[PDB]
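K.L.:
just the structure for this:
(2 chains, ligands or ions: 2)
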Amino acid sequence: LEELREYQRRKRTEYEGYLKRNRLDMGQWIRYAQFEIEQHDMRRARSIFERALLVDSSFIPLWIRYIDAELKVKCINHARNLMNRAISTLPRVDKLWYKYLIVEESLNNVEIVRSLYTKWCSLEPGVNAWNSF
RNA sequence: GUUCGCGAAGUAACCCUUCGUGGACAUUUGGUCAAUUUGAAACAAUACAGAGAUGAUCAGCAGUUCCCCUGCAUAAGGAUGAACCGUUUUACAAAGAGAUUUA
Ligand SMILES: [Mg+2]
Ligand SMILES: [Mg+2]
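P.N.:
Numbering: from 1, shown residues only, chains lettered A, B, ... in the order given. Ligands and ions are numbered 1, 2, ... in the order given. The structure is reproduced below:
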């Protein structure tokens, strides 16, 4: 376990030291947020992504990946509540809607998307958006 | 304890002493804290590692950090004060070609 313990500890010194110095460079956050996922600890990883939304919330690769780590282990109402916060923050975006729509397809629930497209049409988005509805 | 008044005692031209009493005067200090080993000074010495760039030797001045130290300091010094120079794979598709493959 010390063959493990000191591994995890030494990594969390190196990653934080760099992020300590560079608030930006999201490339590091996602990497380091991925490290804590592969240790099967969701609490730490969620903190990291939540810590990395403060730095920039306009960076969609970060938003998208933090949907993955929720969906991969199948924590539903988190990746569900998250999408409340996700598309209310950046309501214009394209990718964020479709990744919320297409993930609702594989959940087979068409009542959701019925009300989804209600709002997403209420927002008057544009051509390619309406055509999906 | 002082003073006012009263009530008694011995002496008493009513006063001095003595006793018993009513009232007034005066009215809530200090602790965030307990006296040596177990609620946290530091330095020196010893051993190990050695003080930026670059072919090599050097002057430095800044920036960034959930590092500080000497200094009256918003001056200036402290190795250019220190620490940092590592790691990096997905908003991701469009066209075509081969093969497997089912109503
Ligand atoms: Mg310096
Ligand atoms: Mg200096």
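K.L.:
by contact count, what packs against the one helix or strand residue A:131 maps to?
P.N.:
According to DSSP states H and E, residue A:131 maps onto helix A:127-132. Helices and strands touching helix A:127-132, as assessed by 3 or more Cβ pairs under 8 Å, 6 or more residues apart in numbering; DSSP states H and E, comprise helix A:95-105, helix A:110-122. In short, each C-beta sits where N, CA and C put it, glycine included.
K.L.:
please identify the most buried of the ones you listed.
P.N.:
helix A:95-105 (a mean of 16; mean count of other Cβ atoms under 10 Å).
K.L.:
return stretch A:65-78 as PDB; C-alpha atoms alone will do.
P.N.:
The C-alpha trace of stretch A:65-78 is given here as PDB (Å, rounded to 0.1, in the frame of the first residue of the first chain):
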ATOM      1  CA  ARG A  65     -14.600  15.800 -20.300                       C
ATOM      2  CA  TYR A  66     -16.300  16.400 -17.000                       C
ATOM      3  CA  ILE A  67     -19.500  15.000 -18.500                       C
ATOM      4  CA  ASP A  68     -17.500  11.800 -19.500                       C
ATOM      5  CA  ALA A  69     -16.100  11.000 -16.100                       C
ATOM      6  CA  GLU A  70     -19.700  11.300 -14.800                       C
ATOM      7  CA  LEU A  71     -21.200   9.100 -17.600                       C
ATOM      8  CA  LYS A  72     -18.400   6.500 -17.700                       C
ATOM      9  CA  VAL A  73     -19.000   5.300 -14.100                       C
ATOM     10  CA  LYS A  74     -22.700   6.000 -14.700                       C
ATOM     11  CA  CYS A  75     -23.400   8.600 -12.000                       C
ATOM     12  CA  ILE A  76     -26.600   9.800 -13.500                       C
ATOM     13  CA  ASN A  77     -28.300  12.600 -11.500                       C
ATOM     14  CA  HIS A  78     -24.800  14.300 -11.200                       C
END
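K.L.:
the longest helix in chain A is where?
P.N.:
helix A:2-21 (DSSP state H).
K.L.:
report the backbone C-alpha coordinates of that one in PDB.
P.N.:
The C-alpha atoms that make up helix A:2-21 are tabulated as PDB, following Å, rounded to 0.1, in the frame of the first residue of the first chain:
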ATOM      1  CA  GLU A   2       3.000   2.300   0.600                       C
ATOM      2  CA  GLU A   3       4.100   1.200  -2.900                       C
ATOM      3  CA  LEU A   4       0.700   2.900  -3.700                       C
ATOM      4  CA  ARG A   5       0.400   5.600  -1.000                       C
ATOM      5  CA  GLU A   6       3.600   7.400  -1.700                       C
ATOM      6  CA  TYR A   7       2.900   7.100  -5.500                       C
ATOM      7  CA  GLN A   8      -0.400   9.000  -5.100                       C
ATOM      8  CA  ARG A   9       1.100  11.500  -2.700                       C
ATOM      9  CA  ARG A  10       4.200  12.300  -4.800                       C
ATOM     10  CA  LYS A  11       1.900  12.800  -7.800                       C
ATOM     11  CA  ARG A  12      -0.400  15.200  -6.000                       C
ATOM     12  CA  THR A  13       2.700  17.200  -5.000                       C
ATOM     13  CA  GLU A  14       3.900  17.500  -8.600                       C
ATOM     14  CA  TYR A  15       0.600  18.300 -10.200                       C
ATOM     15  CA  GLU A  16      -0.500  20.900  -7.700                       C
ATOM     16  CA  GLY A  17       2.800  22.600  -7.700                       C
ATOM     17  CA  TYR A  18       2.500  23.200 -11.400                       C
ATOM     18  CA  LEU A  19      -1.100  24.300 -11.200                       C
ATOM     19  CA  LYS A  20      -0.100  26.400  -8.200                       C
ATOM     20  CA  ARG A  21       2.200  28.300 -10.500                       C
END
